[PDB]
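Asks: What follows is a structure written as structure tokens; I'll ask about it next.
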Amino acid sequence: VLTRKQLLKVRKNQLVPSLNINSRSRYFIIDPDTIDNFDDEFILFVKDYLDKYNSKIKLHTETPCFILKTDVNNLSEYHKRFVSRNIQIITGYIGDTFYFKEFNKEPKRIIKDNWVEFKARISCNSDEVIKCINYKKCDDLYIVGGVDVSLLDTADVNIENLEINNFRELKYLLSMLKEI
Amino acid sequence: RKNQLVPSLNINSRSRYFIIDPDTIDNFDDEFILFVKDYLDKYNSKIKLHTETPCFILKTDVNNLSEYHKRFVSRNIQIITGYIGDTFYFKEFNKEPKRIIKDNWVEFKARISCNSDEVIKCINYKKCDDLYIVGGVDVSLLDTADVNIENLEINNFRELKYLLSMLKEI
Amino acid sequence: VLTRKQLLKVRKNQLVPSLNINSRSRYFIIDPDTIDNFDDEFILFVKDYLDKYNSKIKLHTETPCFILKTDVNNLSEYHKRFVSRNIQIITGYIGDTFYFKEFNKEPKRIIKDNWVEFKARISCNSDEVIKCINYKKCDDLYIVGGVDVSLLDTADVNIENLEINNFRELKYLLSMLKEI
Amino acid sequence: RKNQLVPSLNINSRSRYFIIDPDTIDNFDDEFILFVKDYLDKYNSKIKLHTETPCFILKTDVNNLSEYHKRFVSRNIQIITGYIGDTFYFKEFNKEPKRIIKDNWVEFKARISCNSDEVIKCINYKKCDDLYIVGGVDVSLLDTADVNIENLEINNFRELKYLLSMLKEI
Amino acid sequence: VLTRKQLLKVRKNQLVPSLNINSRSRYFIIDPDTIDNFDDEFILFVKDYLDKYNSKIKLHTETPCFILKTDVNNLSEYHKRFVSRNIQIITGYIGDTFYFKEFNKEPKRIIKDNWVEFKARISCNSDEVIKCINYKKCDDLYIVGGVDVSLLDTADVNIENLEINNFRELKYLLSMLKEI
Amino acid sequence: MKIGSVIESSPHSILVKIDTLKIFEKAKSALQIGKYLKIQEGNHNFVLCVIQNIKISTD
Amino acid sequence: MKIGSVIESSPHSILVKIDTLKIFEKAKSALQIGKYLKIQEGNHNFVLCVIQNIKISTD
């Protein structure tokens, strides 16, 4: 059972060089059915990721994107949990009707006030939002689990497949922790 | 009546609240967005002199307001509802929009919400100066002791535009 | 003897990543009848904690919150002992009555004089009124005893249960010492 | 008096200490907080011109200051007593309040304490320019080198407001 | 000797967290009879101590205090020897009498000229100076020798009992020498 | 009622600064050359003054 | 802001800044000494004014 930490460390060392760039575009396609206790730890993971990778207004340009394999209804609950946590996110959906112009908007930054319009984008795995992703291809594309990415334009796009079953392993891979 | 209301409408920085009732005005669903747009183009237009965000309160169900939000989004108007779906967050309804005076940007233009108890309490927490009522809504639990209540009796949005000095004729 | 510290090293390394953020809200719920010599080492521990995580005026912009499981009169003696050491704290008590608008107050800071009003919120009561101040919620909640956290809102709040016996172990876990 | 108290009451930067003896003023318990509130709003309003903190040394026990502190906190008025429980602290009573001029914040707006020996010893350390004696209190053990003692006799707080130029009529 | 230097290293690592703070009040209760060649090496120890912990005018603010178990006439010889070394100290004695105002005076600094009126406090262990110590109180209190530390208020003050027999070990414990 | 605060005081002219643009727009009718204002002096005294010049800029 | 925005108001003169060089070059015949401009004062009122001086530089 022990011979897993070596593979995890090797993959983490593979992933670190691209995670040290201050300004990069990172998209995460996540399947909730793979990561255990996803509902009770997703907001904490997003907050911890933002605390390290999107926290400097002058340096951490571009915002991460999260795409889940769920229905539109769960996005409402996730947004409700995020707003009560004082985290500003955009989902694009305005009542189960997706809007292209809302998901591609660039946040406005007030450096003198240390404020951004939103910190991340969280949306479902609908067909109308995958086409929005292909409009602006990301520098790095991270796929968690075995979600199908056949509808995404993966031409000249760096794809990293993470084989995990816990949020601690995800944090360890993304250089968010030293243990595990 | 129009000349009675021409004062307090010439003042740039002045809070105006509306209690429009969709039932009274005909063709409300197809003209409310245009009326709001032409109101904001005249009253909430300047970025440095118009520092107050108008609030529109409708007597309707909480579910029907998402359609209005979608229509406003489609017509490229930024508004805040305060509802994330059957849930009201008072920390979002009572937030001052962020303004950047270099490219003429303001976070949102108007506040369109329901007539629930939570939004009424939020309005009472930060009272306005001029309160306009259209359709004879039961404006009872608003603590209207400071505001200049001005009931308006209309039948179509054209008369409303004429009264608010947005038109020269009916 | 040389086994407990090796196990505590793992917990210390687990806690390190969240303690390096300059601006973070941390709440402590510690049971007084679990740590030896609590009545003689508590305020020294608080002073040592404020010398590392609430020392810099510009960077550290959050105020700690120590909550004890005692009664109201026992909090008065701690407040008396703190002002003798020129440590400014608030407790929310103006007698036997708690005041919400006093405990839930943001300290005022003057950069040119290194003044932060009160440096900690050390209300030594797990009262039903103080526990009803989940209006703010903390990034990291530390439980340093067998307290009954039933009225608190643990949703979307990081729980960091610590099992110790001495104050030196607490300082070691919170990266204040490196020996025992 | 009056018309002779209007000098030294028209000076913004001046220290005034009040030695009030309860049971001499009718309804002292239910009106002292209001009197302090409507004295501070006239003599402790300016942020840069009013640089002296009033002191209200009542003649009571070491206790009963907690009740006054609670009643002042309930009115959003910040005061310092110098007593934490039953122990007096010399450093906490003789601290100059920290104020910021861009805002309108002062740490505390008044000092209220009992007629103990410790506080009177602290009073002599930082003497005032004017002393107001209301009722009959032992003025001894208090240095009067450069202090203008003004003895005032009243029956209610209306008379005190009239004499302090806080009330044109009765 | 190897075991003794190992124990000295273990205790030395226990004092480095508090010796790295630029501004801190440090009092040394020293018994001359427990240190070899105290008369011929105390001035050099004081000069070396201030060359590291009281050398920066802007950062190092607090003035160290030394209290010896000697007589008032023996202190005069030390004061004579200090001024011949061109180092300024205050004893609190204007003769055979001790003055409260001459011992609690805070030194004045001229940053542009790199000048402070005195660099250290050195006095005997008479009952008069103990009252002065209890009036201000120190963050750290160091005791070398078997002096009777009972008249001064030890409550709420860190006590570090250093067991040494020569100035080399004292310097090693206080992080001034790498090899004894 | 409250308008602003004095900046420089001289026996010839006294300079007063308006608090905010909203306050100025509220009572810009009364802020004209030749009209009268009152400036506090102590706690019970007032100084009556006449406006001589106005200058509002947003450079 | 069809032509420009006011940047300084005094009881002696009013300063108006043209937004862009394109706007000034387009309507340059109308912006001559002696012509007339309309400065908004409120939401319904206007102030008619006559151009007295023009400056194009110093930046």
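Residues in the structure tokens are numbered from 1 in each chain, the chains being A, B, ... in the order shown, and ligands are numbered from 1 in the order shown.
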Matching each Cα of chain E to its counterpart in chain A by order, what RMSD results from the least-squares fit?

Replies: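 Least-squares fit of chain E onto chain A, C-alpha RMSD 0.5 Å.
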
Asks: State the Cα RMSD (Å, one decimal) obtained when chain F is least-squares superposed onto chain G, all Cα atoms paired in order.

Replies: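 1.4 Å is the C-alpha RMSD between the two chains.
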
Asks: Lay chain D over chain B using all C-alpha atoms, matched one to one in order, with a least-squares fit; then write it out as a PDB file with C-alpha atoms, in the first residue's frame.

Replies:
```pdb
ATOM      1  CA  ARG D   1     -48.573  66.626 -11.315  1.00  0.00           C
ATOM      2  CA  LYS D   2     -45.443  67.688 -13.260  1.00  0.00           C
ATOM      3  CA  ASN D   3     -44.020  71.247 -13.053  1.00  0.00           C
ATOM      4  CA  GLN D   4     -43.818  70.319  -9.356  1.00  0.00           C
ATOM      5  CA  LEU D   5     -41.852  67.085  -9.879  1.00  0.00           C
ATOM      6  CA  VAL D   6     -39.229  69.039 -11.861  1.00  0.00           C
ATOM      7  CA  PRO D   7     -37.675  69.986  -8.499  1.00  0.00           C
ATOM      8  CA  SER D   8     -35.818  67.086  -6.866  1.00  0.00           C
ATOM      9  CA  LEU D   9     -35.611  65.640 -10.381  1.00  0.00           C
ATOM     10  CA  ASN D  10     -33.052  68.278 -11.427  1.00  0.00           C
ATOM     11  CA  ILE D  11     -30.639  67.213  -8.657  1.00  0.00           C
ATOM     12  CA  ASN D  12     -27.826  64.924  -9.787  1.00  0.00           C
ATOM     13  CA  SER D  13     -27.028  63.457  -6.348  1.00  0.00           C
ATOM     14  CA  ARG D  14     -30.389  62.177  -5.129  1.00  0.00           C
ATOM     15  CA  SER D  15     -31.809  58.763  -4.234  1.00  0.00           C
ATOM     16  CA  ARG D  16     -35.081  57.716  -5.884  1.00  0.00           C
ATOM     17  CA  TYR D  17     -36.857  54.458  -5.027  1.00  0.00           C
ATOM     18  CA  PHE D  18     -39.692  53.171  -7.219  1.00  0.00           C
ATOM     19  CA  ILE D  19     -42.394  50.854  -5.879  1.00  0.00           C
ATOM     20  CA  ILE D  20     -44.043  49.561  -9.062  1.00  0.00           C
ATOM     21  CA  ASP D  21     -47.076  47.269  -8.976  1.00  0.00           C
ATOM     22  CA  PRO D  22     -47.442  45.166 -12.155  1.00  0.00           C
ATOM     23  CA  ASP D  23     -50.819  44.387 -13.763  1.00  0.00           C
ATOM     24  CA  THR D  24     -51.638  48.106 -13.381  1.00  0.00           C
ATOM     25  CA  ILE D  25     -49.479  49.230 -16.335  1.00  0.00           C
ATOM     26  CA  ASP D  26     -50.398  47.996 -19.806  1.00  0.00           C
ATOM     27  CA  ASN D  27     -47.783  45.778 -21.482  1.00  0.00           C
ATOM     28  CA  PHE D  28     -45.531  45.834 -18.422  1.00  0.00           C
ATOM     29  CA  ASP D  29     -43.541  42.754 -19.459  1.00  0.00           C
ATOM     30  CA  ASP D  30     -42.500  44.069 -22.884  1.00  0.00           C
ATOM     31  CA  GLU D  31     -41.811  47.671 -21.796  1.00  0.00           C
ATOM     32  CA  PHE D  32     -40.295  47.634 -18.283  1.00  0.00           C
ATOM     33  CA  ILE D  33     -36.780  46.932 -19.582  1.00  0.00           C
ATOM     34  CA  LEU D  34     -37.071  49.740 -22.137  1.00  0.00           C
ATOM     35  CA  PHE D  35     -38.385  52.128 -19.473  1.00  0.00           C
ATOM     36  CA  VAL D  36     -35.437  51.296 -17.218  1.00  0.00           C
ATOM     37  CA  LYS D  37     -33.050  51.753 -20.150  1.00  0.00           C
ATOM     38  CA  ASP D  38     -34.412  55.194 -21.065  1.00  0.00           C
ATOM     39  CA  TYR D  39     -34.580  56.228 -17.405  1.00  0.00           C
ATOM     40  CA  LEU D  40     -30.965  55.292 -16.644  1.00  0.00           C
ATOM     41  CA  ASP D  41     -29.655  57.100 -19.731  1.00  0.00           C
ATOM     42  CA  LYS D  42     -31.129  60.352 -18.344  1.00  0.00           C
ATOM     43  CA  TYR D  43     -30.753  60.023 -14.556  1.00  0.00           C
ATOM     44  CA  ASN D  44     -27.777  57.620 -14.285  1.00  0.00           C
ATOM     45  CA  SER D  45     -25.459  58.878 -17.040  1.00  0.00           C
ATOM     46  CA  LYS D  46     -22.845  61.016 -15.278  1.00  0.00           C
ATOM     47  CA  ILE D  47     -20.004  59.066 -13.689  1.00  0.00           C
ATOM     48  CA  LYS D  48     -19.151  61.441 -10.809  1.00  0.00           C
ATOM     49  CA  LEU D  49     -22.303  63.566 -10.466  1.00  0.00           C
ATOM     50  CA  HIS D  50     -24.794  60.663 -10.293  1.00  0.00           C
ATOM     51  CA  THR D  51     -23.701  58.903  -7.098  1.00  0.00           C
ATOM     52  CA  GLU D  52     -27.042  57.317  -6.109  1.00  0.00           C
ATOM     53  CA  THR D  53     -28.285  54.006  -7.524  1.00  0.00           C
ATOM     54  CA  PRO D  54     -31.998  53.765  -8.401  1.00  0.00           C
ATOM     55  CA  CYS D  55     -34.038  50.966  -6.849  1.00  0.00           C
ATOM     56  CA  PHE D  56     -37.041  49.348  -8.558  1.00  0.00           C
ATOM     57  CA  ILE D  57     -38.941  47.267  -5.991  1.00  0.00           C
ATOM     58  CA  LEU D  58     -41.590  45.468  -8.033  1.00  0.00           C
ATOM     59  CA  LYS D  59     -44.637  43.810  -6.461  1.00  0.00           C
ATOM     60  CA  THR D  60     -44.323  40.191  -7.593  1.00  0.00           C
ATOM     61  CA  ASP D  61     -43.249  36.777  -6.325  1.00  0.00           C
ATOM     62  CA  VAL D  62     -39.733  35.721  -5.359  1.00  0.00           C
ATOM     63  CA  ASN D  63     -39.606  34.146  -8.829  1.00  0.00           C
ATOM     64  CA  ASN D  64     -39.995  35.988 -12.170  1.00  0.00           C
ATOM     65  CA  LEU D  65     -36.996  38.122 -11.212  1.00  0.00           C
ATOM     66  CA  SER D  66     -34.767  35.721 -13.159  1.00  0.00           C
ATOM     67  CA  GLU D  67     -36.628  36.476 -16.396  1.00  0.00           C
ATOM     68  CA  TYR D  68     -36.202  40.224 -15.876  1.00  0.00           C
ATOM     69  CA  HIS D  69     -32.522  39.699 -15.048  1.00  0.00           C
ATOM     70  CA  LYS D  70     -32.050  37.715 -18.268  1.00  0.00           C
ATOM     71  CA  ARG D  71     -33.855  40.345 -20.348  1.00  0.00           C
ATOM     72  CA  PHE D  72     -31.688  43.068 -18.789  1.00  0.00           C
ATOM     73  CA  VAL D  73     -28.480  41.101 -19.398  1.00  0.00           C
ATOM     74  CA  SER D  74     -29.482  40.656 -23.046  1.00  0.00           C
ATOM     75  CA  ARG D  75     -29.609  44.475 -23.294  1.00  0.00           C
ATOM     76  CA  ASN D  76     -26.111  44.968 -21.789  1.00  0.00           C
ATOM     77  CA  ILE D  77     -27.503  46.521 -18.598  1.00  0.00           C
ATOM     78  CA  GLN D  78     -25.929  45.520 -15.279  1.00  0.00           C
ATOM     79  CA  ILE D  79     -28.301  45.190 -12.312  1.00  0.00           C
ATOM     80  CA  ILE D  80     -28.261  43.404  -8.958  1.00  0.00           C
ATOM     81  CA  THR D  81     -31.252  41.496  -7.586  1.00  0.00           C
ATOM     82  CA  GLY D  82     -29.880  40.147  -4.305  1.00  0.00           C
ATOM     83  CA  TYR D  83     -31.437  36.722  -4.950  1.00  0.00           C
ATOM     84  CA  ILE D  84     -29.278  33.720  -5.816  1.00  0.00           C
ATOM     85  CA  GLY D  85     -31.931  31.191  -6.756  1.00  0.00           C
ATOM     86  CA  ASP D  86     -34.485  31.772  -4.002  1.00  0.00           C
ATOM     87  CA  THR D  87     -32.234  32.961  -1.141  1.00  0.00           C
ATOM     88  CA  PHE D  88     -31.970  36.667  -0.333  1.00  0.00           C
ATOM     89  CA  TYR D  89     -28.592  38.063   0.730  1.00  0.00           C
ATOM     90  CA  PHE D  90     -28.537  41.266   2.775  1.00  0.00           C
ATOM     91  CA  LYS D  91     -24.882  42.016   2.002  1.00  0.00           C
ATOM     92  CA  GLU D  92     -25.314  41.594  -1.767  1.00  0.00           C
ATOM     93  CA  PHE D  93     -28.249  44.036  -1.888  1.00  0.00           C
ATOM     94  CA  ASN D  94     -26.769  46.806   0.304  1.00  0.00           C
ATOM     95  CA  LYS D  95     -23.380  47.149  -1.408  1.00  0.00           C
ATOM     96  CA  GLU D  96     -22.254  50.459  -2.872  1.00  0.00           C
ATOM     97  CA  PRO D  97     -21.217  49.956  -6.520  1.00  0.00           C
ATOM     98  CA  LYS D  98     -17.529  50.367  -7.318  1.00  0.00           C
ATOM     99  CA  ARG D  99     -16.850  52.890 -10.079  1.00  0.00           C
ATOM    100  CA  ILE D 100     -13.727  54.098 -11.875  1.00  0.00           C
ATOM    101  CA  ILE D 101     -13.698  57.666 -13.158  1.00  0.00           C
ATOM    102  CA  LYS D 102     -11.018  57.402 -15.867  1.00  0.00           C
ATOM    103  CA  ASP D 103     -13.304  54.908 -17.606  1.00  0.00           C
ATOM    104  CA  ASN D 104     -17.112  54.996 -17.538  1.00  0.00           C
ATOM    105  CA  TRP D 105     -17.594  51.781 -15.555  1.00  0.00           C
ATOM    106  CA  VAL D 106     -20.003  51.194 -12.674  1.00  0.00           C
ATOM    107  CA  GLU D 107     -20.499  47.713 -11.227  1.00  0.00           C
ATOM    108  CA  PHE D 108     -24.293  47.962 -11.449  1.00  0.00           C
ATOM    109  CA  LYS D 109     -26.670  50.708 -12.535  1.00  0.00           C
ATOM    110  CA  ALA D 110     -29.932  49.726 -10.805  1.00  0.00           C
ATOM    111  CA  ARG D 111     -31.454  47.513  -8.117  1.00  0.00           C
ATOM    112  CA  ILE D 112     -34.480  45.354  -8.956  1.00  0.00           C
ATOM    113  CA  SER D 113     -36.177  43.032  -6.469  1.00  0.00           C
ATOM    114  CA  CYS D 114     -39.564  41.722  -5.358  1.00  0.00           C
ATOM    115  CA  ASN D 115     -41.943  42.997  -2.663  1.00  0.00           C
ATOM    116  CA  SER D 116     -40.610  40.701   0.062  1.00  0.00           C
ATOM    117  CA  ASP D 117     -40.220  41.491   3.750  1.00  0.00           C
ATOM    118  CA  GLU D 118     -36.426  41.101   3.645  1.00  0.00           C
ATOM    119  CA  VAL D 119     -35.888  43.707   0.922  1.00  0.00           C
ATOM    120  CA  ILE D 120     -38.258  46.167   2.613  1.00  0.00           C
ATOM    121  CA  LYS D 121     -36.264  45.644   5.810  1.00  0.00           C
ATOM    122  CA  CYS D 122     -33.124  46.425   3.800  1.00  0.00           C
ATOM    123  CA  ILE D 123     -34.807  49.503   2.293  1.00  0.00           C
ATOM    124  CA  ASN D 124     -35.433  50.985   5.746  1.00  0.00           C
ATOM    125  CA  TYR D 125     -31.766  50.459   6.659  1.00  0.00           C
ATOM    126  CA  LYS D 126     -30.637  52.746   3.803  1.00  0.00           C
ATOM    127  CA  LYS D 127     -33.530  55.149   3.276  1.00  0.00           C
ATOM    128  CA  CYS D 128     -34.087  57.251   0.156  1.00  0.00           C
ATOM    129  CA  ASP D 129     -34.846  60.932  -0.348  1.00  0.00           C
ATOM    130  CA  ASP D 130     -37.804  60.331  -2.690  1.00  0.00           C
ATOM    131  CA  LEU D 131     -40.262  57.444  -2.976  1.00  0.00           C
ATOM    132  CA  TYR D 132     -42.506  56.945  -6.016  1.00  0.00           C
ATOM    133  CA  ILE D 133     -45.589  54.751  -5.576  1.00  0.00           C
ATOM    134  CA  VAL D 134     -47.064  53.542  -8.876  1.00  0.00           C
ATOM    135  CA  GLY D 135     -50.431  51.852  -8.514  1.00  0.00           C
ATOM    136  CA  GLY D 136     -51.754  50.452  -5.267  1.00  0.00           C
ATOM    137  CA  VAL D 137     -49.148  48.849  -3.004  1.00  0.00           C
ATOM    138  CA  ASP D 138     -48.926  48.402   0.769  1.00  0.00           C
ATOM    139  CA  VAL D 139     -46.798  51.355   1.904  1.00  0.00           C
ATOM    140  CA  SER D 140     -46.791  50.009   5.475  1.00  0.00           C
ATOM    141  CA  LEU D 141     -43.706  48.487   7.134  1.00  0.00           C
ATOM    142  CA  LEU D 142     -41.639  51.281   5.536  1.00  0.00           C
ATOM    143  CA  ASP D 143     -40.242  54.164   7.574  1.00  0.00           C
ATOM    144  CA  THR D 144     -41.104  57.643   6.269  1.00  0.00           C
ATOM    145  CA  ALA D 145     -39.141  59.905   8.609  1.00  0.00           C
ATOM    146  CA  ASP D 146     -37.278  61.989   6.002  1.00  0.00           C
ATOM    147  CA  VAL D 147     -38.847  60.486   2.862  1.00  0.00           C
ATOM    148  CA  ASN D 148     -41.046  62.467   0.456  1.00  0.00           C
ATOM    149  CA  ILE D 149     -43.622  59.918  -0.685  1.00  0.00           C
ATOM    150  CA  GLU D 150     -45.037  60.854  -4.097  1.00  0.00           C
ATOM    151  CA  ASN D 151     -48.062  58.828  -5.202  1.00  0.00           C
ATOM    152  CA  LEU D 152     -48.262  58.402  -8.985  1.00  0.00           C
ATOM    153  CA  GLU D 153     -51.142  56.897 -10.966  1.00  0.00           C
ATOM    154  CA  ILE D 154     -50.559  55.934 -14.608  1.00  0.00           C
ATOM    155  CA  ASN D 155     -51.958  53.535 -17.203  1.00  0.00           C
ATOM    156  CA  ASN D 156     -48.974  53.009 -19.515  1.00  0.00           C
ATOM    157  CA  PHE D 157     -45.267  53.818 -19.600  1.00  0.00           C
ATOM    158  CA  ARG D 158     -45.801  56.823 -21.884  1.00  0.00           C
ATOM    159  CA  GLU D 159     -47.515  58.621 -18.998  1.00  0.00           C
ATOM    160  CA  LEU D 160     -44.677  57.680 -16.638  1.00  0.00           C
ATOM    161  CA  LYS D 161     -42.097  59.051 -19.081  1.00  0.00           C
ATOM    162  CA  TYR D 162     -44.138  62.242 -19.476  1.00  0.00           C
ATOM    163  CA  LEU D 163     -44.377  62.716 -15.704  1.00  0.00           C
ATOM    164  CA  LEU D 164     -40.672  61.972 -15.147  1.00  0.00           C
ATOM    165  CA  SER D 165     -39.736  64.683 -17.701  1.00  0.00           C
ATOM    166  CA  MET D 166     -38.362  62.036 -20.083  1.00  0.00           C
ATOM    167  CA  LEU D 167     -40.807  62.876 -22.897  1.00  0.00           C
ATOM    168  CA  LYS D 168     -41.804  66.374 -24.011  1.00  0.00           C
ATOM    169  CA  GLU D 169     -44.871  65.123 -25.903  1.00  0.00           C
ATOM    170  CA  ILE D 170     -47.154  62.108 -25.445  1.00  0.00           C
TER     171      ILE D 170
END
```

Asks: Can you tell me which residues surround residue 35 in chain A at a distance of at most 9 Å, considering only C-alpha atoms, apart from same-chain residues fewer than 6 positions away, and format the answer as a list in words?

Replies: residues 144, 145, 164, 165, 166 and 167 of chain A

Asks: Identify, on the basis of only C-alpha atoms, every residue whose closest approach to range 10-12 of chain F does not exceed 12 Å; exclude the query and any residue fewer than 6 positions from it along the same chain; express the result as a VMD selection string.

Replies: chain F and resid 47 49 to 50 52

Asks: Check the smallest atom-to-atom distance from each of F:23, F:37, F:54, F:48 to chain B using only C-alpha atoms, then report the winner.

Replies: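 Of all the options, F:23 lies closest to chain B.
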
Asks: Excluding residue 16 in chain C and its own-chain neighbours fewer than 5 positions away, which residues fall within 12 Å of it when counting only C-alpha atoms? Please give them as a list in words.

Replies: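 Here the qualifying residues turn out to be residues 176, 177, 178 and 179 of chain A; 9, 10, 11, 21, 160, 172, 173, 174, 175 and 176 of chain C.
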
Asks: Grab the residues selected above and save them as a PDB file, in the first residue's frame with N, CA, C and O atoms.

Replies:
```pdb
ATOM      1  N   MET A 176       0.461  22.809  -3.080  1.00  0.00           N
ATOM      2  CA  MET A 176      -0.235  23.537  -2.029  1.00  0.00           C
ATOM      3  C   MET A 176       0.049  22.987  -0.638  1.00  0.00           C
ATOM      4  O   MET A 176      -0.384  23.591   0.350  1.00  0.00           O
ATOM      5  N   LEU A 177       0.762  21.868  -0.538  1.00  0.00           N
ATOM      6  CA  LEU A 177       1.099  21.261   0.740  1.00  0.00           C
ATOM      7  C   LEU A 177       2.481  20.631   0.643  1.00  0.00           C
ATOM      8  O   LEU A 177       2.987  20.356  -0.448  1.00  0.00           O
ATOM      9  N   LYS A 178       3.089  20.403   1.805  1.00  0.00           N
ATOM     10  CA  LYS A 178       4.395  19.762   1.882  1.00  0.00           C
ATOM     11  C   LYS A 178       4.321  18.305   2.309  1.00  0.00           C
ATOM     12  O   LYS A 178       5.205  17.520   1.952  1.00  0.00           O
ATOM     13  N   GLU A 179       3.288  17.922   3.054  1.00  0.00           N
ATOM     14  CA  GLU A 179       3.136  16.557   3.531  1.00  0.00           C
ATOM     15  C   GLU A 179       2.372  15.728   2.501  1.00  0.00           C
ATOM     16  O   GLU A 179       2.140  16.163   1.369  1.00  0.00           O
TER      17      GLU A 179
ATOM     18  N   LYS C   9       5.880  16.108  15.171  1.00  0.00           N
ATOM     19  CA  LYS C   9       6.508  16.729  14.009  1.00  0.00           C
ATOM     20  C   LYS C   9       5.590  16.686  12.792  1.00  0.00           C
ATOM     21  O   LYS C   9       5.529  17.646  12.013  1.00  0.00           O
ATOM     22  N   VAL C  10       4.869  15.577  12.610  1.00  0.00           N
ATOM     23  CA  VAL C  10       3.952  15.454  11.480  1.00  0.00           C
ATOM     24  C   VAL C  10       2.850  16.503  11.573  1.00  0.00           C
ATOM     25  O   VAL C  10       2.523  17.177  10.588  1.00  0.00           O
ATOM     26  N   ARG C  11       2.266  16.661  12.763  1.00  0.00           N
ATOM     27  CA  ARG C  11       1.210  17.653  12.945  1.00  0.00           C
ATOM     28  C   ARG C  11       1.743  19.067  12.745  1.00  0.00           C
ATOM     29  O   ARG C  11       1.065  19.920  12.157  1.00  0.00           O
ATOM     30  N   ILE C  21       0.713  32.732   6.162  1.00  0.00           N
ATOM     31  CA  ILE C  21      -0.036  33.837   5.573  1.00  0.00           C
ATOM     32  C   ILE C  21      -0.078  34.987   6.569  1.00  0.00           C
ATOM     33  O   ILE C  21      -0.502  34.814   7.719  1.00  0.00           O
ATOM     34  N   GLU C 160      -8.934  22.387  12.876  1.00  0.00           N
ATOM     35  CA  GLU C 160      -7.545  21.985  13.076  1.00  0.00           C
ATOM     36  C   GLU C 160      -7.335  21.478  14.497  1.00  0.00           C
ATOM     37  O   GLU C 160      -6.460  21.948  15.226  1.00  0.00           O
ATOM     38  N   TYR C 172       5.289  24.603  19.915  1.00  0.00           N
ATOM     39  CA  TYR C 172       5.956  23.809  18.887  1.00  0.00           C
ATOM     40  C   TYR C 172       5.046  23.581  17.686  1.00  0.00           C
ATOM     41  O   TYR C 172       5.487  23.688  16.535  1.00  0.00           O
ATOM     42  N   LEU C 173       3.773  23.262  17.933  1.00  0.00           N
ATOM     43  CA  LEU C 173       2.842  23.022  16.834  1.00  0.00           C
ATOM     44  C   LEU C 173       2.598  24.289  16.023  1.00  0.00           C
ATOM     45  O   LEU C 173       2.526  24.239  14.790  1.00  0.00           O
ATOM     46  N   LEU C 174       2.469  25.434  16.693  1.00  0.00           N
ATOM     47  CA  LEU C 174       2.223  26.706  16.030  1.00  0.00           C
ATOM     48  C   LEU C 174       3.508  27.390  15.571  1.00  0.00           C
ATOM     49  O   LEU C 174       3.507  28.609  15.359  1.00  0.00           O
ATOM     50  N   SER C 175       4.595  26.631  15.420  1.00  0.00           N
ATOM     51  CA  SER C 175       5.857  27.137  14.875  1.00  0.00           C
ATOM     52  C   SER C 175       6.414  28.295  15.699  1.00  0.00           C
ATOM     53  O   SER C 175       6.900  29.289  15.157  1.00  0.00           O
ATOM     54  N   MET C 176       6.348  28.167  17.027  1.00  0.00           N
ATOM     55  CA  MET C 176       6.986  29.125  17.919  1.00  0.00           C
ATOM     56  C   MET C 176       8.265  28.600  18.552  1.00  0.00           C
ATOM     57  O   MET C 176       9.115  29.407  18.942  1.00  0.00           O
TER      58      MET C 176
END
```

Asks: Identify all chain G residues at most 12 Å from chain F by counting only C-alpha atoms; ligands do not count. Present them as a VMD selection string.

Replies: chain G and resid 5 to 17 41 to 42

Asks: Within 12 Å of residue 99 in chain E, counting only C-alpha atoms, which residues show up once you throw out same-chain ones fewer than 2 positions away? Write them as a ChimeraX atom specification, please.

Replies: /E:90-97,101-105,123,128-129,131-132

Asks: Counting only C-alpha atoms, a student should be able to say which residues of chain C come within 8 Å of chain A; what is the right answer, written as a short mmCIF file (atom, residue, chain, number, x, y, z; two decimals) with C-alpha atoms, in the first residue's frame?

Replies:
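Final output, saved to part05.cif:
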```cif
data_model
loop_
_atom_site.label_atom_id
_atom_site.label_comp_id
_atom_site.auth_asym_id
_atom_site.auth_seq_id
_atom_site.Cartn_x
_atom_site.Cartn_y
_atom_site.Cartn_z
CA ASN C 13 4.44 20.18 9.36
CA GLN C 14 0.73 19.84 8.57
CA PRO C 17 1.40 25.93 5.40
CA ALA C 155 -19.54 24.62 7.53
CA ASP C 156 -16.83 25.92 5.17
CA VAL C 157 -14.55 26.50 8.18
CA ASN C 158 -11.20 24.75 8.49
#
```

Asks: Taking the chain letters and numbering used in this document, name the residues of chain G that DSSP puts in helix (DSSP H, G or I), as a list in words.

Replies: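 DSSP on the backbone gives helix (DSSP H, G or I) at residues 21, 22, 23, 24, 25 and 26 of chain G.
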